[PDB]
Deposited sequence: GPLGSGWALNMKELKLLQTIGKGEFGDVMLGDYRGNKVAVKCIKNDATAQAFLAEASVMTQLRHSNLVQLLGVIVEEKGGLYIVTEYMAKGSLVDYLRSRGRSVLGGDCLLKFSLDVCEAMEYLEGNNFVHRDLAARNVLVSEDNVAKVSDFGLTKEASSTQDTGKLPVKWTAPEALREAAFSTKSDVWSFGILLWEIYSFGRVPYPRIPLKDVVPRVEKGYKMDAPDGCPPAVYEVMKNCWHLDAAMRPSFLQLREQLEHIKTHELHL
């Protein structure tokens, strides 16, 4: 888990999160994403995070490359480089003329698998949105930082417990996000009509030019009863079905 700082050449700040400072590098030949944190020394709770990034790994998850802990308090995480970056920004600048059925379905699976995964390891993210996804040079979608009213499930907002059914709800939102090419969800509903209207049994309309097959997956994840929404297993089943039976093209 250790890396020697000296042979790592920091390049530039690709990220300015009000929660952290992200940068590019190159250690021995491979470009790397280095999460730089000062914030006093409150770069700590991020070490507990950097921990489960060791006993939990999928190829659909941003691979934790290693950790550099120097004397002078330079606390820095090193993650695998996701070339293209934020999925939300990408969807928005490239739009439909670039991302066709194939491309969106790919993205969609590269997640339901990284989720199907964390579902067996007994895990729960609590923060599933496309601002939080990243993209590799060669069109692969990977999650980033473990944990926002609009994405949370209804039950979860009333309490403090986020199950695996909470995440299946946030997946629904994130699908709509994708087939909207990065619209903010709930397009014509005021910030505190969101939870009421939803609890009143409301679901967003099908994103434009959205394949019916996909919109059901969504509605599916938005079942009022958390027990009646699918799992990150049944989902991948439905996604492949759709995929294989070319229901996106």
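Spell out the unmodelled ranges of the deposited sequence for me, N- to C-terminal, numbering from the first residue. According to the record, the gaps fall at 1-6, 154-167.
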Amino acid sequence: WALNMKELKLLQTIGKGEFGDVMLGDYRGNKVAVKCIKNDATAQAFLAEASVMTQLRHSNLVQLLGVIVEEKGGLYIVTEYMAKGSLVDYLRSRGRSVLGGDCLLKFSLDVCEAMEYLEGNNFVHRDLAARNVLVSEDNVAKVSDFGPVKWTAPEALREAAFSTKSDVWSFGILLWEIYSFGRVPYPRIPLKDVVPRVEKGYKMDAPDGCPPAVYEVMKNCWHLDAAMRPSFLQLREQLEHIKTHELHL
From here on, numbers count along this sequence of modelled residues.
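With respect to the recorded C-alpha B factors, which stretch has the higher mean value, 66-74 or 219-227? Mean B over CA atoms: larger for 66-74.
Comparing 196-204 with 35-43, where is the mean C-alpha B-factor higher? Of 35-43 and 196-204, the stretch with the higher C-alpha B-factor average is 35-43.
Sorting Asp145, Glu177, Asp138, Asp110 by Cα temperature factor from the record, which one lands on top? Answer for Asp145, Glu177, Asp138, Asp110: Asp145, with the highest C-alpha B-factor.
If you check the C-alpha B-factor for each of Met82, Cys103, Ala160, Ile173 in the entry, which is highest? So the option with the highest C-alpha B-factor is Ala160.
Third of the chain, ranked by Cα B-factor, where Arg92 sits: It belongs to the lowest third of the chain when residues are ordered by C-alpha B-factor.
Which third of the chain holds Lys165 when residues are ordered by C-alpha B factor: lowest, middle or highest? Middle third, going by the recorded CA B-factors of the chain.
Comparing against every modelled residue in the chain, figure out the third that the C-alpha B-factor of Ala50 lands in (lowest, middle or highest). For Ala50, the deposited C-alpha B-factor lands in the highest third.
If you rank every modelled residue in this chain by C-alpha B factor, which third holds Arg188: lowest, middle or highest? CA B-factor rank for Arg188: lowest third.
If you rank every modelled residue in this chain by C-alpha B factor, which third holds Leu56: lowest, middle or highest? According to the entry, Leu56 has a C-alpha B-factor in the chain's highest third.
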